[PDB]
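Protein sequence lines, in the order shown, are assigned to chains A and B. Going letter by letter, the first sequence gives residues 237 to 444 in the deposited numbering. Going letter by letter, the second sequence gives residues 238 to 297, 300 to 444 in the deposited numbering.
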Amino acid sequence: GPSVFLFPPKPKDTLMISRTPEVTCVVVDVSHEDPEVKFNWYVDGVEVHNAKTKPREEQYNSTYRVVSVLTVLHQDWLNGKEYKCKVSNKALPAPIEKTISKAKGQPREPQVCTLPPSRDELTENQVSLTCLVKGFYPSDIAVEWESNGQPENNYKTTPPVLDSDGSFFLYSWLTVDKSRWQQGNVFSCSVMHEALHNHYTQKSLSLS
Amino acid sequence: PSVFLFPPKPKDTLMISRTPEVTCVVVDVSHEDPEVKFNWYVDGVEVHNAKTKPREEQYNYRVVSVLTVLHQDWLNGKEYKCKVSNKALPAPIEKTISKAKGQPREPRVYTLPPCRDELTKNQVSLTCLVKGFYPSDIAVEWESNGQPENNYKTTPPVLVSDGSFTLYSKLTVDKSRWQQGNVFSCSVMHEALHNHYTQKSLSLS
Ligand SMILES: *[C@@H]1O[C@H](CO[C@@H]2O[C@@H](C)[C@@H](O)[C@@H](O)[C@@H]2O)[C@@H](O[C@@H]2O[C@H](CO)[C@@H](O[C@@H]3O[C@H](CO[C@H]4O[C@H](CO)[C@@H](O)[C@H](O)[C@@H]4O[C@@H]4O[C@H](CO)[C@@H](O)[C@H](O)[C@H]4NC(C)=O)[C@@H](O)[C@H](O[C@H]4O[C@H](CO)[C@@H](O)[C@H](O)[C@@H]4O[C@@H]4O[C@H](CO)[C@@H](O)[C@H](O)[C@H]4NC(C)=O)[C@@H]3O)[C@H](O)[C@H]2NC(C)=O)[C@H](O)[C@H]1NC(C)=O
Ligand SMILES: *[C@@H]1O[C@H](CO[C@@H]2O[C@@H](C)[C@@H](O)[C@@H](O)[C@@H]2O)[C@@H](O[C@@H]2O[C@H](CO)[C@@H](O[C@@H]3O[C@H](CO[C@H]4O[C@H](CO)[C@@H](O)[C@H](O)[C@@H]4O[C@@H]4O[C@H](CO)[C@@H](O)[C@H](O)[C@H]4NC(C)=O)[C@@H](O)[C@H](O[C@H]4O[C@H](CO)[C@@H](O)[C@H](O)[C@@H]4O[C@@H]4O[C@H](CO)[C@@H](O)[C@H](O)[C@H]4NC(C)=O)[C@@H]3O)[C@H](O)[C@H]2NC(C)=O)[C@H](O)[C@H]1NC(C)=O
């Protein structure tokens, strides 16, 4: 029979004003004989009608995939509003309902430390600057780097890792030429998370 | 029926004394008396040492052939082919696996002391940076005073623009114990290391 999967918005979409956080309801394994899927969307139990439904697409596996996308309000998602996808189809005994929301757990603020390159790393031609982001909940977060008050690309960030606390940590790091580290330039680790004041903290780092 | 083919653990691959196992998993087989046949090959030659794990079905029926692989063959990236025959299939389904291709690059291992501000609290993070390795198959562990340390976490490998991989491993310890000059070590096993092993240590300065 049809299976239903309900996906949350991307972390960055929830945390950045200029972005569009979406909940996505995906229906798979829809037969040729019972191809119609009906969607009903609810927000804390109230039905809404502005969800955008895509037309069915036959997959290489000879089954249909149907998708409905509901745009979520930033503040609603962060206040724990529940989003319910209801799927109706005639190869089903009864409608399938799935509900998604922000993570239930008590929110915890990240702690953010900056770490200079290893002393042993100081022999090489390029150097790593490290940002440690610790003890946050939930795992939605975004990290960015800056130099000279201007955005810096070419950083990498690990996924959140479940820690024994129940909280999360991650590392982000920037690789720079050695000269640029030791001409005293300042670098910055920026973190956006729902539990920070103004959902933002910045911590910086420079040659000592 | 769907076929999934899985690689061995890094340590089993890197230690002479251990048995690296590749796993062929067939799921979604009918309890209409469909019975399954296996053909394993290695670079085109078929093999008969595969050893079927008994069954156990769970509610809603999966058969599993476990193939012990040669250490050097795996490190050379030989392709392990699980071929599955079943009537509820058009023709055999074949799945192929192998060490990631490409010349191996060793990690450069660095240890990093806790942040100055983290020294304001009761526990501290000791950090191990593992950089520029290929492929991503790796193992990391922590030691203190000649003994295993199990209160660490390790991030997944992350792909850098290099094509190589990076990770961090974090050990959490009481501040008090760090400030007694204790020594801690990050040990890393990877195929491009000499003896597939390196250790790096770190203690209060
Ligand atoms: C026929 O085809 C369709 C389509 O497949 C496509 O075409 C076929 C022909 C092939 O070519 C495929 O290669 C190709 O994908 C098949 O449909 C697939 O069906 C399976 C289930 O049978 C679905 O699996 C679910 O996948 C989700 C994760 O899926 C995300 O990640 C996949 C990346 O690997 C990606 O493919 C998916 O599209 C999806 O990607 C996300 O998409 C959203 C919206 O588009 C986007 O916002 C995201 O950013 C994007 N993410 C990424 C990374 O790109 C997985 O979570 C599901 O597992 C849950 O459920 C399992 C139960 O089945 C359970 O065991 C798991 O543990 C997990 O459980 C859930 O998760 C946690 C922990 O359990 C918990 O919080 C939840 O409560 C729990 N919920 C449960 C258990 O229900 C599951 O793996 C595929 O998504 C689906 N593919 C697509 C594209 O829809 C179809 O099956 C084919 N064949 C047949 C015979 O039907
Ligand atoms: C009936 O029930 C069975 C039973 O299922 C299990 O138990 C039941 C009771 C429920 O709890 C289930 O939710 C639970 O799964 C159902 O069988 C399941 O079927 C699905 C799909 O049919 C399979 O999902 C795939 O699984 C692999 C990962 O599996 C490992 O990780 C699992 C986490 O869920 C975990 O179960 C195990 O760890 C498992 O096994 C590894 O096993 C080896 C052998 O012992 C062991 O050494 C390892 O340690 C162990 N792993 C770990 C971490 O320990 C996952 O890879 C699949 O995703 C791949 O496939 C997707 C579909 O192809 C694809 O979209 C993904 O991207 C990915 O595919 C690879 O990636 C690309 C994309 O880049 C893709 O296009 C390619 O095809 C593919 N290859 C490459 C090179 O890229 C997916 O999650 C379940 O494994 C299977 N359950 C079991 C136990 O096998 C069954 O579905 C039910 N029947 C029906 C009709 O629904």
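Quick reminder that beta carbons are idealized off the backbone N, C-alpha and C, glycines included.
Where DSSP assigns a beta bridge to residue i, which residues make up the other side?
| i | result |
| --- | --- |
| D413/B | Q362/B |
| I377/A | Paired residues: none, contrary to the question. |
| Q438/B | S426/B |
| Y407/A | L368/A |
| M428/A | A378/A |
| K392/B | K409/B |
| residue 446/B | No answer is possible for residue 446/B: the residues shown for chain B start at 238 and end at 444. |
| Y373/B | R344/B |
Could you check if residue i belongs to the surroundings of ligand 2, using beta carbon to heavy atom distance under 6 Å?
| i | result |
| --- | --- |
| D265/B | yes |
| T393/B | no |
| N297/B | yes |
| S239/B | yes |
| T260/B | yes |
| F275/B | no |
| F404/A | no |
| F423/B | no |
| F243/B | yes |
Quick one: measure Cβ to Cβ for residue i and residue j, integer angstroms, because I've assumed they're closer than 8 Å.
| i | j | result |
| --- | --- | --- |
| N276/B | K322/B | 4 Å |
| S442/A | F423/A | 7 Å |
| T350/A | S440/A | 7 Å |
| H435/A | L251/A | 6 Å |
| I332/B | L242/B | Incorrect: roughly 10 Å between the Cβ atoms, too far for contact. |
| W313/A | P245/A | 7 Å |
| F423/B | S375/B | Rounded, the Cβ-Cβ distance is 25 Å, inconsistent with contact. |
| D356/A | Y436/B | So it is not a contact: roughly 17 Å between Cβ atoms. |
| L410/A | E380/A | Not quite, the Cβ-Cβ distance comes to about 10 Å (not below 8 Å), so this is no contact. |
Does the Cβ of residue i have 16 or more other Cβ atoms within 10 Å, making it buried, or fewer, making it exposed?
| i | result |
| --- | --- |
| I253/A | exposed |
| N297/A | exposed |
| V284/A | exposed |
| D280/A | exposed |
| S364/B | buried |
| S267/B | exposed |
| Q386/A | exposed |
| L306/B | buried |
| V302/A | buried |
Near ligand 1, which residues have their beta-carbon closer than 6 Å to a heavy atom? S239/A, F241/A, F243/A, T260/A, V262/A, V264/A, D265/A, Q295/A, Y296/A, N297/A, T299/A and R301/A
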